[PDB]
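Visitor: Protein chains in written order, with the deposited numbering: chain D, 114 to 193, 198 to 226; chain C, 115 to 164, 174 to 178, 200 to 225; chain B, 115 to 169, 172 to 226; chain A, 115 to 226.
Sharing a structure here in structure tokens format.
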């Protein structure tokens with residue numbers, strides 16, 4: 114239903130959003146524990162998720178404006198433009214959108 | 115191997131960079147079946163990865209290949225294994 | 115992704131509102147498997163979330181559809197901008213008036 | 115049984131129609147586990163399928179059967195000269211009675 118592919122280099126979210134979009138995809142956004150795990154397995158290191166507080170300050174939503182219905186915050190998170202990264206243990210950290218991380222793109226038919 | 119086409123047109127350089135950044139390469143037809151599958155994904159003229176990018201050419205809607213400059217812009221179809 | 119069918123037949127406008135009220139949308143098949151899944155859930159002719167209202173058949177998200185399964189002779193235009201799509205019991209698609217009434221299959225996801 | 119919530123608030127009458135349209139019914143918790151599950155789908159205050167229209171302070175599900183399991187906030191309701199009373203699930207998981215005419219989120223339950 115969803116194809117996940119990781120980038121080779123680390124980059125800020127703006128470059129990441131543009132990368133996934135180029136091939137009609139989006140920055141990976143897990144809707145449940147299974148997808149979270151799926152993305153965690155393809156990413157070789159900490160990677161960006163398609164969740165930010167860009168539209169509404171300090172309120173996390175997906176790239177379509179919906180508040181996320183699934184989260185998996187690391188202990189102490191989200192700790193406050199805010200972005201989200203998926204750690205190697207699968208938990209989430211709140212980080213600056215300007216910092217660079219691997220990118221996992223999500224694709225569907 | 116699955117194929118995905120870009121939303122916009124671009125020169126082969128940017129195209130090779132795009133597919134490789136996501137760990138694939140510009141679609142390279144190995145047989146009539148793949149050439150056909152690649153055209154099916156590209157819904158208009160698109161670059162091919164042609174030696175292939177790892178040891200220019202565009203695929204037309206009729207499935208035939210034309211030799212065009214590596215500097216002009218067309219759609220890109222990336223292939224992933 | 116899961117699908118649920120309505121009990122009543124209704125026009126596209128009502129269909130859309132119905133599905134969205136429970137955080138879903140009108141079922142929109144992205145491949146043959148999904149088309150089959152929707153086919154199984156609706157045991158009768160039902161609306162799909164595809165129309166030409168914004169033009172060109174697009175999903176209720178403004179994107180042109182990348183999957184279709186037109187019945188022989190379809191799509192037969194009913195009138196620019198008022199074209200909708202229904203899935204027949206055999207799984208093929210017909211182009212019909214958005215104002216006509218059909219069952220509705222809503223799609224939901226996590 | 116699986117649950118789904120609405121995006122907007124509405125009176126009980128409209129909620130009943132909404133859930134039935136998709137072959138379900140307004141969610142009715144039959145035990146604490148379901149109650150917790152419905153509250154989890156329903157982040158905010160939501161209607162349950164229980165009212166005392168017939169006899170004041172006696173709550174029945176939408177089929178006319180008096181409910182067994184209850185999780186009243188501050189004990190059983192004890193209204194007087196009241197309109198039809200409905201039940202909403204609060205953020206604390208307890209139940210509170212409110213006029214069926216007021217508007218709250220809806221949680222539908224399905225058995226598909």
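Even for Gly, the Cβ is constructed at its ideal location relative to N, Cα and C.
For the stretch 200-218 of chain D, enumerate the residues whose C-beta is nearer than 8 Å to any C-beta of chain B, in chain order.
Guide: none
Visitor: Taking all protein chains shown into account, decide if residue 162 of chain B is buried (16 or more other Cβ within 10 angstroms of its Cβ) or exposed.
Guide: As a first step, residue 162 of chain B must be located in the third chain, where it is residue number 48. With 16 or more Cβ atoms within 10 Å of its Cβ, residue 162 of chain B is classed as buried.
Visitor: What is the residue span of the beta strand (DSSP E) that residue 203 of chain D lies within?
Guide: In the first chain, counting from the first residue as 1, residue 203 of chain D sits at position 86. Taken as a continuous stretch (DSSP letters only), the beta strand (DSSP E) holding residue 203 of chain D covers 199-203.
Visitor: Going by Cα to Cα distance, which pick from D:182, D:180, D:210, D:203 is closest to residue 188 of chain D?
Guide: Numbered from 1 along the first chain, position 75 holds the residue referred to as residue 188 of chain D. The residue with the shortest Cα to Cα distance from residue 188 of chain D is D:210.
Visitor: Just to make sure I have the definition right: I need the residues of chain F whose C-beta is within less than 8 Å of the C-beta of residue 135 of chain C. Which are they?
Guide: In the displayed structure, chain F is absent; the protein chains listed are D, C, B and A.
Visitor: Does any C-beta atom of chain D lie closer than 8 Å to the C-beta of residue 175 of chain B?
Guide: Looking up residue 175 of chain B in the third chain gives position 59. By this cut-off, residue 175 of chain B is not an interface position.
Visitor: Since residue 160 of chain B is in the beta strand (DSSP E), which residue starts that stretch and which ends it?
Guide: In the third chain, residue 160 of chain B corresponds to position 46, counting from 1. Its beta strand (DSSP E) spans residues 160-165.
Visitor: May I ask you to report which of helix, strand or coil DSSP gives residue 180 of chain B?
Guide: For the purposes of this step, residue 180 of chain B is taken as the residue at position 64 of the third chain. Reduced to three states, the DSSP call for residue 180 of chain B is strand.
Visitor: For residue 192 of chain A versus residue 165 of chain A, is the C-beta spacing smaller than 8 Å?
Guide: To locate residue 192 of chain A, count along the fourth chain from 1; it is residue 78. To locate residue 165 of chain A, count along the fourth chain from 1; it is residue 51. No, Cβ-Cβ distance for residue 192 of chain A and residue 165 of chain A is not below 8 Å.
Visitor: Suppose contacts are defined by Cβ-Cβ distances below 8 Å. Is residue 129 of chain A in contact with residue 212 of chain A by that definition?
Guide: The residue you call residue 129 of chain A lines up with position 15 of the fourth chain. The residue you call residue 212 of chain A lines up with position 98 of the fourth chain. It is not a contact, given that the beta carbons lie outside the stated cut-off.
Visitor: Nearest to residue 178 of chain B by CA position, among B:184, B:167, B:134, is which residue?
Guide: By 1-based counting over the third chain, the position of residue 178 of chain B is 62. The residue from B:184, B:167, B:134 with its alpha-carbon nearest to that of residue 178 of chain B is B:167.
Visitor: Do residue 121 of chain C and residue 222 of chain C have their beta-carbon atoms positioned less than 8 Å apart in this structure?
Guide: By 1-based counting over the second chain, the position of residue 222 of chain C is 78. By 1-based counting over the second chain, the position of residue 121 of chain C is 7. For residue 222 of chain C and residue 121 of chain C, no; Cβs fall outside 8 Å.
Visitor: So if DSSP puts residue 174 of chain B in a beta bridge, which residue, or which two residues, is it bridged to?
Guide: By one-based count along the third chain, residue 174 of chain B stands at place 58. In DSSP, residue 174 of chain B forms a bridge with B:165, B:180.
Visitor: Please state whether DSSP places residue 190 of chain A in a helix, a strand or coil.
Guide: Your numbering for residue 190 of chain A matches position 76 in the fourth chain. It is coil, neither helix nor strand.
Visitor: Output the distance between the C-alpha atoms of residue 127 of chain B and residue 125 of chain C, rounded to the nearest integer angstrom.
Guide: Counted from its first residue, the third chain places residue 127 of chain B at position 13. Counted from its first residue, the second chain places residue 125 of chain C at position 11. So the alpha carbons of these two residues sit roughly 44 Å apart.
Visitor: Using beta-carbon positions only, say whether residue 147 of chain A and residue 115 of chain A come within less than 8 Å of one another.
Guide: To locate residue 147 of chain A, count along the fourth chain from 1; it is residue 33. To locate residue 115 of chain A, count along the fourth chain from 1; it is residue 1. No, the pair does not count as a contact, with Cβ atoms beyond the cut-off.
Visitor: Along the chain, where does the beta strand (DSSP E) containing residue 119 of chain C start, and where does it finish?
Guide: Within the second chain, the letter at position 5 stands for residue 119 of chain C. First-last of the beta strand (DSSP E) with residue 119 of chain C: 116-119.
Visitor: Once DSSP output is grouped into helix, strand and coil, what is the label at residue 212 of chain C?
Guide: Residue 212 of chain C sits at position 68 when you count from the first residue of the second chain. Residue 212 of chain C falls in the coil class under three-state DSSP.
Visitor: Rounded to whole angstroms, what is the Cα-Cα separation between residue 206 of chain B and residue 153 of chain B?
Guide: Looking up residue 206 of chain B in the third chain gives position 90. Looking up residue 153 of chain B in the third chain gives position 39. Rounded to the nearest angstrom, the two C-alpha atoms are 8 Å apart.
Visitor: Could you tell me the alpha carbon to alpha carbon distance between residue 132 of chain A and residue 132 of chain B, rounded to whole angstroms?
Guide: Looking up residue 132 of chain A in the fourth chain gives position 18. Looking up residue 132 of chain B in the third chain gives position 18. The alpha-carbon atoms of residue 132 of chain A and residue 132 of chain B are separated by roughly 8 Å.
Visitor: Nearest-angstrom Cα distance between residue 117 of chain C and residue 224 of chain C?
Guide: Counting from one through the second chain, the residue named residue 117 of chain C turns up at place 3. Counting from one through the second chain, the residue named residue 224 of chain C turns up at place 80. Whole-angstrom Cα-Cα distance: 6 Å.
Visitor: Tell me, please, whether the CB atom of residue 225 of chain B is closer than 8 Å to any CB atom in chain D?
Guide: As a working mapping, residue 225 of chain B is identified with position 109 in the third chain. True, the Cβ-Cβ gap to chain D drops below 8 Å.
Visitor: Give the interface partners of residue 183 of chain D over in chain B, defined as CB-CB distance under 8 Å, in chain order.
Guide: The residue given as residue 183 of chain D occupies position 70 in the first chain. Ordered by position in chain B, the residues that pass the 8 Å Cβ test against residue 183 of chain D are 226.
Visitor: In chain D, what lies closer than 8 Å to residue 145 of chain B by C-beta?
Guide: Locating residue 145 of chain B in the third chain gives position 31, where the first residue counts as 1. Result: 226.
Visitor: Nearest to residue 156 of chain C by alpha carbon, out of C:217, C:204, C:216?
Guide: The count along the second chain starts at 1 and reaches residue 156 of chain C at position 42. Closest option to residue 156 of chain C, Cα to Cα, is C:204.
Visitor: For residue 169 of chain C, count neighbouring C-beta atoms within 10 Å of its own C-beta (all shown protein chains included) and say buried if the count is 16 or more, exposed if not.
Guide: For chain C, the structure lists 164 followed at once by 174, and that leaves residue 169 of chain C out of the model.
Visitor: At the level of alpha carbons, what is the spacing between residue 173 of chain D and residue 181 of chain D?
Guide: By 1-based counting over the first chain, the position of residue 173 of chain D is 60. By 1-based counting over the first chain, the position of residue 181 of chain D is 68. Roughly 6 Å separates the two Cα atoms.
Visitor: Do residue 119 of chain C and residue 160 of chain C have their C-beta atoms within less than 8 Å of each other?
Guide: The residue you call residue 119 of chain C lines up with position 5 of the second chain. The residue you call residue 160 of chain C lines up with position 46 of the second chain. Taking 8 Å as the Cβ cut-off, residue 119 of chain C and residue 160 of chain C qualify as a contacting pair.
Visitor: Could you round the C-beta distance between residue 145 of chain D and residue 226 of chain B to whole angstroms and report it? I think they count as a contact, below 8 Å.
Guide: The residue labelled residue 145 of chain D in the question sits at position 32 within the first chain. The residue labelled residue 226 of chain B in the question sits at position 110 within the third chain. Right, the Cβ-Cβ distance comes to about 5 Å (below 8 Å), so this counts as a contact.
Visitor: So what does DSSP say about residue 136 of chain D, is it helix, strand or coil?
Guide: Stepping through the first chain from its first residue, residue 136 of chain D is reached at position 23. The DSSP-derived three-state label of residue 136 of chain D is coil.
Visitor: Name, please, each residue of chain B whose Cβ falls closer than 7 Å to the Cβ of residue 114 of chain D.
Guide: Your numbering for residue 114 of chain D matches position 1 in the first chain. Proximity of chain B to residue 114 of chain D at the Cβ level (cut-off 7 Å) is accounted for by 115, in chain order.
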